[PDB]
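Visitor: I am sharing run_38.cif, which consists of mmCIF, C-alpha atoms:
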data_entry
loop_
_atom_site.label_atom_id
_atom_site.label_comp_id
_atom_site.auth_asym_id
_atom_site.auth_seq_id
_atom_site.Cartn_x
_atom_site.Cartn_y
_atom_site.Cartn_z
CA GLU A 975 -77.02 11.27 -6.60
CA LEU A 976 -77.15 8.98 -3.56
CA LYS A 977 -80.66 7.76 -4.44
CA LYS A 978 -79.53 6.83 -7.93
CA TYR A 979 -76.38 4.95 -6.83
CA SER A 980 -77.83 2.76 -4.05
CA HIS A 981 -77.09 -0.84 -5.00
CA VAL A 982 -73.35 -0.81 -5.91
CA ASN A 983 -71.38 -4.03 -5.24
CA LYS A 984 -68.33 -3.03 -3.19
CA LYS A 985 -65.00 -4.99 -3.20
CA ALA A 986 -65.08 -5.32 -7.03
CA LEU A 987 -61.53 -4.06 -7.66
CA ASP A 988 -59.67 -6.66 -5.59
CA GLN A 989 -62.00 -9.30 -7.05
CA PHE A 990 -60.91 -8.22 -10.53
CA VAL A 991 -57.16 -8.24 -9.86
CA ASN A 992 -56.98 -11.53 -7.95
CA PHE A 993 -59.44 -13.41 -10.13
CA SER A 994 -57.83 -12.23 -13.36
CA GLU A 995 -54.41 -13.46 -12.22
CA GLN A 996 -55.83 -16.79 -11.06
CA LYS A 997 -57.80 -17.18 -14.31
CA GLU A 998 -54.57 -16.63 -16.25
CA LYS A 999 -52.88 -19.31 -14.11
CA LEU A 1000 -55.60 -21.88 -14.80
CA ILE A 1001 -55.71 -21.00 -18.52
CA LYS A 1002 -51.98 -21.75 -18.66
CA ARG A 1003 -52.73 -25.05 -16.94
CA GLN A 1004 -55.38 -25.78 -19.58
CA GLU A 1005 -53.01 -25.10 -22.49
CA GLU A 1006 -50.35 -27.34 -20.91
CA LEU A 1007 -53.02 -30.01 -20.39
CA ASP A 1008 -54.00 -29.86 -24.07
CA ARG A 1009 -50.40 -30.20 -25.27
CA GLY A 1010 -49.94 -33.11 -22.87
CA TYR A 1011 -52.97 -34.93 -24.26
CA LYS A 1012 -51.63 -34.44 -27.79
CA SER A 1013 -48.28 -35.88 -26.71
CA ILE A 1014 -49.99 -38.89 -25.13
CA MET A 1015 -51.88 -39.66 -28.33
CA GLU A 1016 -48.75 -39.41 -30.49
CA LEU A 1017 -46.67 -41.61 -28.17
CA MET A 1018 -49.49 -44.17 -27.98
CA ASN A 1019 -49.59 -44.42 -31.77
CA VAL A 1020 -45.79 -44.87 -31.82
CA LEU A 1021 -46.10 -47.70 -29.28
CA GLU A 1022 -48.81 -49.33 -31.41
CA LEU A 1023 -46.44 -49.24 -34.38
CA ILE B 196 -66.47 -17.01 -15.45
CA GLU B 197 -65.60 -14.76 -18.41
CA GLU B 198 -69.12 -13.30 -18.51
CA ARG B 199 -68.94 -12.67 -14.76
CA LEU B 200 -65.64 -10.78 -15.11
CA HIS B 201 -67.28 -8.58 -17.76
CA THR B 202 -70.18 -7.77 -15.43
CA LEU B 203 -67.59 -7.07 -12.73
CA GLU B 204 -65.93 -4.46 -14.98
CA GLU B 205 -69.29 -2.73 -15.43
CA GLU B 206 -69.81 -2.74 -11.66
CA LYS B 207 -66.26 -1.38 -11.23
CA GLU B 208 -67.04 1.77 -13.22
CA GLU B 209 -70.33 2.11 -11.31
CA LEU B 210 -68.34 1.84 -8.07
CA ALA B 211 -65.93 4.58 -9.13
CA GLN B 212 -68.80 6.95 -9.91
CA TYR B 213 -70.68 6.23 -6.68
CA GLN B 214 -67.46 6.62 -4.69
CA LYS B 215 -66.82 10.08 -6.18
CA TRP B 216 -70.37 11.30 -5.51
CA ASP B 217 -70.31 9.80 -2.01
CA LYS B 218 -67.16 11.83 -1.35
CA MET B 219 -69.07 14.88 -2.57
CA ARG B 220 -71.91 14.17 -0.14
CA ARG B 221 -69.55 13.71 2.79
CA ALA B 222 -67.57 16.89 2.05
CA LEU B 223 -70.72 18.96 1.54
CA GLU B 224 -72.33 17.57 4.70
CA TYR B 225 -69.24 18.36 6.75
CA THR B 226 -69.03 21.89 5.31
CA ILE B 227 -72.67 22.76 5.95
CA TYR B 228 -72.40 21.42 9.48
CA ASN B 229 -69.26 23.54 9.83
CA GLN B 230 -71.56 26.44 8.94
CA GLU B 231 -73.89 25.20 11.68
CA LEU B 232 -70.90 25.25 14.06
CA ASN B 233 -70.24 28.81 12.93
CA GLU B 234 -73.84 29.70 13.80
CA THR B 235 -73.23 27.98 17.15
CA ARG B 236 -70.20 30.17 17.87
CA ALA B 237 -71.97 33.31 16.59
CA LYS B 238 -75.20 32.96 18.55
CA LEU B 239 -73.42 31.86 21.75
CA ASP B 240 -71.25 34.99 21.57
CA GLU B 241 -74.35 37.12 20.85
CA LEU B 242 -75.94 36.16 24.18
CA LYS C 10 -36.93 -46.37 -5.25
CA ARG C 11 -34.08 -44.68 -7.12
CA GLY C 12 -34.18 -42.78 -10.41
CA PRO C 13 -35.56 -39.63 -12.06
CA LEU C 14 -38.69 -41.52 -13.18
CA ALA C 15 -39.57 -43.33 -9.93
CA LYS C 16 -42.78 -41.31 -9.57
CA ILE C 17 -44.10 -42.83 -12.79
CA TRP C 18 -43.14 -46.28 -11.42
CA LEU C 19 -45.18 -45.57 -8.28
CA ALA C 20 -48.11 -44.18 -10.25
CA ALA C 21 -48.01 -47.29 -12.44
CA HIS C 22 -47.81 -49.90 -9.65
CA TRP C 23 -49.14 -48.59 -6.32
CA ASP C 24 -50.45 -45.08 -7.16
CA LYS C 25 -52.08 -44.65 -3.76
CA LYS C 26 -49.32 -42.85 -1.83
CA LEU C 27 -49.30 -40.26 -4.66
CA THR C 28 -50.46 -37.01 -3.03
CA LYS C 29 -51.72 -33.79 -4.61
CA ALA C 30 -48.35 -32.23 -3.74
CA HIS C 31 -46.54 -34.94 -5.68
CA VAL C 32 -48.83 -34.77 -8.74
CA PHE C 33 -48.92 -30.96 -8.71
CA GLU C 34 -45.46 -29.69 -9.72
CA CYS C 35 -42.96 -32.57 -9.35
CA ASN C 36 -43.05 -33.58 -13.02
CA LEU C 37 -42.98 -31.55 -16.25
CA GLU C 38 -44.99 -33.84 -18.55
CA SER C 39 -43.68 -32.68 -21.95
CA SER C 40 -40.11 -33.72 -21.07
CA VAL C 41 -40.70 -37.19 -19.61
CA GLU C 42 -43.10 -38.04 -22.44
CA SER C 43 -40.22 -37.20 -24.80
CA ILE C 44 -37.89 -39.26 -22.56
CA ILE C 45 -39.96 -42.44 -23.02
CA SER C 46 -39.35 -42.75 -26.77
CA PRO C 47 -35.53 -43.11 -27.22
CA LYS C 48 -34.37 -44.72 -23.94
CA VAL C 49 -32.11 -47.75 -24.47
CA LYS C 50 -33.34 -51.26 -23.46
CA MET C 51 -36.93 -50.31 -22.60
CA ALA C 52 -39.21 -53.30 -22.09
CA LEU C 53 -42.58 -53.13 -23.84
CA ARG C 54 -44.23 -54.27 -20.60
CA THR C 55 -42.63 -51.37 -18.73
CA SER C 56 -43.67 -49.09 -21.61
CA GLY C 57 -47.34 -49.94 -21.15
CA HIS C 58 -47.01 -49.59 -17.38
CA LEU C 59 -45.44 -46.14 -17.75
CA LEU C 60 -48.22 -45.21 -20.19
CA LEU C 61 -50.84 -46.05 -17.57
CA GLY C 62 -48.89 -44.04 -15.01
CA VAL C 63 -48.52 -40.84 -17.00
CA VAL C 64 -52.11 -40.96 -18.24
CA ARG C 65 -53.39 -41.38 -14.68
CA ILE C 66 -51.18 -38.44 -13.65
CA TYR C 67 -52.75 -36.32 -16.39
CA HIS C 68 -56.21 -37.41 -15.25
CA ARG C 69 -55.44 -36.33 -11.68
CA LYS C 70 -54.22 -32.91 -12.85
CA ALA C 71 -57.37 -32.47 -14.95
CA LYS C 72 -59.57 -33.33 -11.96
CA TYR C 73 -57.70 -30.85 -9.77
CA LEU C 74 -58.14 -28.11 -12.36
CA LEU C 75 -61.88 -28.81 -12.64
CA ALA C 76 -62.23 -28.73 -8.85
CA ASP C 77 -60.35 -25.43 -8.67
CA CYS C 78 -62.49 -23.90 -11.42
CA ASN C 79 -65.71 -24.97 -9.69
CA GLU C 80 -64.43 -23.52 -6.40
CA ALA C 81 -63.53 -20.24 -8.14
CA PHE C 82 -66.99 -19.95 -9.68
CA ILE C 83 -68.53 -20.48 -6.25
CA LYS C 84 -66.20 -17.75 -4.91
CA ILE C 85 -67.01 -15.01 -7.43
CA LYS C 86 -70.79 -15.22 -6.87
CA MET C 87 -70.56 -13.16 -3.66
CA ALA C 88 -71.60 -9.51 -3.48
CA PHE C 89 -72.40 -6.83 -0.90
CA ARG C 90 -75.25 -4.40 -1.63
CA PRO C 91 -75.91 -2.50 1.64
CA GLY C 92 -79.26 -1.16 0.36
#
Represent the structure of the file as structure tokens.
Guide:
Amino acid sequence: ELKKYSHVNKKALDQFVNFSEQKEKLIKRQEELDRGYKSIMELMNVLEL
Amino acid sequence: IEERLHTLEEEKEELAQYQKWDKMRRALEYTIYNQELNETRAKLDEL
Amino acid sequence: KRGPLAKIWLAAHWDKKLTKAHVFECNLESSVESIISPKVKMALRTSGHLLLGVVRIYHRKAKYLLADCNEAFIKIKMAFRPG
């Protein structure tokens, strides 16, 4: 059983938890960024008018 | 990054399995060396 | 100077003192962008200036996000296989 399971990458669990939370955070940033761009385009058209 | 998290999940299950078996090895090793210690006690008393 | 939109003033005129701590969480974009449209006695000049300001702000946030993502990807590539 040892010989079969030699090359395991330790520390994976903390990696998962922390990186999943941080990925969620940045995804939220991305969605906000998209909405902001949309708002900029609309307001710019209004100004043009 | 998404692909890498997926691969991480795979490695997580692998880690769980290795951890369990490693526990098995450590327990078994300690027990058999306990038996060695028992032989130690036994043969020392025999003399 | 004084006002709840002075940051956009600074970003539209000087823009250099604006730090990553300022840009980061001082301003909620979706409210000020709404604020621009109905304010009384808004000069068109000032409107264009404020446009440049808020767009530059958005650009800075985007850059920061890209930098953070690149850093994260460099982070996750570590591993420890003791052999």
Visitor: Only residues of chain A matter here; which ones have an atom within 10 Å of chain B, counting all atoms listed in the file? Give them as a compact mmCIF listing (two decimals) with C-alpha atoms, in the coordinates of the input.
Guide:
# COMPACT_ATOMS: atom_id res chain seq x y z
CA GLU A 975 -77.02 11.27 -6.60
CA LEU A 976 -77.15 8.98 -3.56
CA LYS A 978 -79.53 6.83 -7.93
CA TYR A 979 -76.38 4.95 -6.83
CA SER A 980 -77.83 2.76 -4.05
CA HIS A 981 -77.09 -0.84 -5.00
CA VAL A 982 -73.35 -0.81 -5.91
CA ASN A 983 -71.38 -4.03 -5.24
CA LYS A 984 -68.33 -3.03 -3.19
CA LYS A 985 -65.00 -4.99 -3.20
CA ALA A 986 -65.08 -5.32 -7.03
CA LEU A 987 -61.53 -4.06 -7.66
CA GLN A 989 -62.00 -9.30 -7.05
CA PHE A 990 -60.91 -8.22 -10.53
CA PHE A 993 -59.44 -13.41 -10.13
CA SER A 994 -57.83 -12.23 -13.36
CA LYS A 997 -57.80 -17.18 -14.31
Visitor: Please identify all polymer residues within 12 Å of residue 1013 of chain A, counting all atoms listed in the file, omitting same-chain residues fewer than 2 positions from it, and present them as a list in words.
Guide: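 Near residue 1013 of chain A, the qualifying residues are residues 1006, 1007, 1008, 1009, 1010, 1011, 1015, 1016, 1017, 1018, 1019 and 1020 of chain A; 38, 39, 40, 41, 42, 43, 44, 45, 46, 60, 63, 64 and 67 of chain C.
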Visitor: Do you have the atom CA of residue 62 of chain C-atom CA of residue 14 of chain C distance handy?
Guide: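 About the pair atom CA of residue 62 of chain C and atom CA of residue 14 of chain C: they are 10.7 Å apart.
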Visitor: Give me, as a list in words, the contact residues of chain C against chain A at a cut-off of 7 Å, counting all atoms listed in the file.
Guide: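 On the chain C side, the interface is residues 38, 39, 88, 89, 90, 91 and 92 of chain C.
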Visitor: Step by step, work through what the PyMOL selection byres ((chain C) within 9 of (chain B)) selects in the shown file, and finish by giving those residues as an mmCIF file with C-alpha atoms, keeping the file's coordinate frame.
Guide:
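Output contents, as saved in expr_6.cif:
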data_model
loop_
_atom_site.group_PDB
_atom_site.id
_atom_site.type_symbol
_atom_site.label_atom_id
_atom_site.label_comp_id
_atom_site.auth_asym_id
_atom_site.auth_seq_id
_atom_site.Cartn_x
_atom_site.Cartn_y
_atom_site.Cartn_z
ATOM 1 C CA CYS C 78 -62.490 -23.900 -11.420
ATOM 2 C CA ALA C 81 -63.530 -20.240 -8.140
ATOM 3 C CA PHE C 82 -66.990 -19.950 -9.680
ATOM 4 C CA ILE C 85 -67.010 -15.010 -7.430
ATOM 5 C CA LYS C 86 -70.790 -15.220 -6.870
#
Visitor: Go ahead and compute the interatomic distance for atom CA of residue 35 of chain C and atom CA of residue 71 of chain C, in Å to one decimal.
Guide: 15.5 Å
Visitor: Please measure the separation of atom CA of residue 70 of chain C and atom CA of residue 84 of chain C, giving the value in Å to one decimal.
Guide: 20.9 Å
Visitor: Applied to the shown file, which residues does the PyMOL selection byres ((chain C and resi 16-22) around 10) return, written as a VMD selection string?
Guide: chain C and resid 10 to 15 23 to 27 31 to 32 35 to 36 41 55 57 to 66
Visitor: Got a sec to write segment 979-1020 of chain A of the block to a file, N, CA and C atoms, as a CSV table (one decimal), in the first residue's frame?
Guide:
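Result file follows (out.csv):
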chain,number,residue,atom,x,y,z
A,979,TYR,N,1.1,4.3,-3.1
A,979,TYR,CA,0.8,5.7,-2.8
A,979,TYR,C,1.9,6.6,-2.5
A,980,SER,N,3.0,6.5,-3.3
A,980,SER,CA,4.2,7.3,-3.0
A,980,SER,C,4.1,8.8,-3.2
A,981,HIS,N,3.6,9.2,-4.4
A,981,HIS,CA,3.8,10.6,-4.8
A,981,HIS,C,2.7,11.6,-4.5
A,982,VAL,N,2.0,11.4,-3.4
A,982,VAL,CA,0.9,12.2,-3.0
A,982,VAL,C,1.3,13.7,-2.7
A,983,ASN,N,0.6,14.7,-3.2
A,983,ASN,CA,0.9,16.1,-2.9
A,983,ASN,C,0.2,16.5,-1.6
A,984,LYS,N,0.9,16.5,-0.5
A,984,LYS,CA,0.4,17.1,0.7
A,984,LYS,C,0.0,18.5,0.6
A,985,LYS,N,-0.7,19.0,1.7
A,985,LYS,CA,-1.2,20.4,1.9
A,985,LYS,C,-2.4,20.7,1.0
A,986,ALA,N,-3.0,19.8,0.3
A,986,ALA,CA,-4.0,20.0,-0.7
A,986,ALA,C,-5.3,20.6,-0.1
A,987,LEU,N,-5.6,20.2,1.2
A,987,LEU,CA,-6.9,20.6,1.7
A,987,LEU,C,-7.0,22.1,2.0
A,988,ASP,N,-5.9,22.7,2.7
A,988,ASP,CA,-5.9,24.1,3.0
A,988,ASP,C,-5.9,24.9,1.7
A,989,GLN,N,-5.1,24.4,0.7
A,989,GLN,CA,-5.1,25.0,-0.7
A,989,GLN,C,-6.5,25.1,-1.2
A,990,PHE,N,-7.3,24.0,-1.1
A,990,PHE,CA,-8.6,24.0,-1.6
A,990,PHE,C,-9.5,25.1,-0.9
A,991,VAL,N,-9.5,25.1,0.4
A,991,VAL,CA,-10.4,26.0,1.1
A,991,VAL,C,-10.0,27.5,0.8
A,992,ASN,N,-8.7,27.8,1.0
A,992,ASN,CA,-8.3,29.2,0.9
A,992,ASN,C,-8.5,29.7,-0.6
A,993,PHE,N,-8.1,28.8,-1.5
A,993,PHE,CA,-8.1,29.3,-2.9
A,993,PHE,C,-9.5,29.3,-3.5
A,994,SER,N,-10.4,28.5,-2.9
A,994,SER,CA,-11.8,28.6,-3.3
A,994,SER,C,-12.5,29.8,-2.9
A,995,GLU,N,-12.2,30.2,-1.6
A,995,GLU,CA,-12.7,31.5,-1.1
A,995,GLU,C,-12.2,32.7,-1.9
A,996,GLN,N,-10.9,32.7,-2.1
A,996,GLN,CA,-10.3,33.8,-2.8
A,996,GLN,C,-10.8,33.9,-4.3
A,997,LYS,N,-11.0,32.7,-4.9
A,997,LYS,CA,-11.5,32.6,-6.3
A,997,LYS,C,-13.0,33.2,-6.3
A,998,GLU,N,-13.8,32.9,-5.3
A,998,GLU,CA,-15.1,33.5,-5.2
A,998,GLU,C,-15.0,35.0,-5.1
A,999,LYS,N,-14.1,35.5,-4.2
A,999,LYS,CA,-13.9,36.9,-4.1
A,999,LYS,C,-13.6,37.6,-5.4
A,1000,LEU,N,-12.6,37.1,-6.2
A,1000,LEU,CA,-12.3,37.7,-7.4
A,1000,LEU,C,-13.4,37.6,-8.5
A,1001,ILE,N,-14.1,36.4,-8.5
A,1001,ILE,CA,-15.2,36.3,-9.4
A,1001,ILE,C,-16.3,37.4,-9.1
A,1002,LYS,N,-16.5,37.7,-7.8
A,1002,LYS,CA,-17.4,38.8,-7.5
A,1002,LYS,C,-16.9,40.1,-8.0
A,1003,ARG,N,-15.6,40.3,-7.9
A,1003,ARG,CA,-15.0,41.5,-8.5
A,1003,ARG,C,-15.2,41.6,-10.0
A,1004,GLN,N,-15.1,40.4,-10.6
A,1004,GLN,CA,-15.3,40.4,-12.1
A,1004,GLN,C,-16.7,40.7,-12.5
A,1005,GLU,N,-17.7,40.2,-11.8
A,1005,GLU,CA,-19.1,40.5,-12.1
A,1005,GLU,C,-19.4,42.0,-11.9
A,1006,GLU,N,-18.9,42.6,-10.8
A,1006,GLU,CA,-19.0,44.0,-10.5
A,1006,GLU,C,-18.3,44.8,-11.6
A,1007,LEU,N,-17.1,44.4,-12.0
A,1007,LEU,CA,-16.4,45.0,-13.1
A,1007,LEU,C,-17.2,45.1,-14.4
A,1008,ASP,N,-17.9,43.9,-14.7
A,1008,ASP,CA,-18.7,43.9,-15.9
A,1008,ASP,C,-19.9,44.8,-15.9
A,1009,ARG,N,-20.6,44.8,-14.8
A,1009,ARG,CA,-21.7,45.7,-14.6
A,1009,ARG,C,-21.3,47.2,-14.7
A,1010,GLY,N,-20.1,47.5,-14.1
A,1010,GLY,CA,-19.5,48.8,-14.2
A,1010,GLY,C,-19.3,49.3,-15.6
A,1011,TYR,N,-18.7,48.4,-16.4
A,1011,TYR,CA,-18.4,48.7,-17.8
A,1011,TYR,C,-19.7,49.0,-18.6
A,1012,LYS,N,-20.7,48.1,-18.3
A,1012,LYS,CA,-22.0,48.4,-18.9
A,1012,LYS,C,-22.6,49.8,-18.6
A,1013,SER,N,-22.5,50.1,-17.3
A,1013,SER,CA,-22.9,51.4,-16.9
A,1013,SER,C,-22.2,52.5,-17.6
A,1014,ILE,N,-20.9,52.4,-17.7
A,1014,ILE,CA,-20.0,53.4,-18.4
A,1014,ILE,C,-20.5,53.6,-19.8
A,1015,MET,N,-20.8,52.5,-20.5
A,1015,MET,CA,-21.2,52.6,-21.9
A,1015,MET,C,-22.6,53.3,-22.0
A,1016,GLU,N,-23.5,53.0,-21.1
A,1016,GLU,CA,-24.8,53.6,-21.2
A,1016,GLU,C,-24.7,55.1,-20.9
A,1017,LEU,N,-24.0,55.5,-19.8
A,1017,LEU,CA,-23.8,56.9,-19.5
A,1017,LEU,C,-23.1,57.7,-20.6
A,1018,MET,N,-22.1,57.1,-21.2
A,1018,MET,CA,-21.4,57.7,-22.3
A,1018,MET,C,-22.4,58.0,-23.5
A,1019,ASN,N,-23.3,57.0,-23.8
A,1019,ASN,CA,-24.3,57.3,-24.9
A,1019,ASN,C,-25.2,58.4,-24.5
A,1020,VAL,N,-25.6,58.5,-23.2
A,1020,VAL,CA,-26.5,59.5,-22.7
A,1020,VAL,C,-25.8,60.9,-22.9
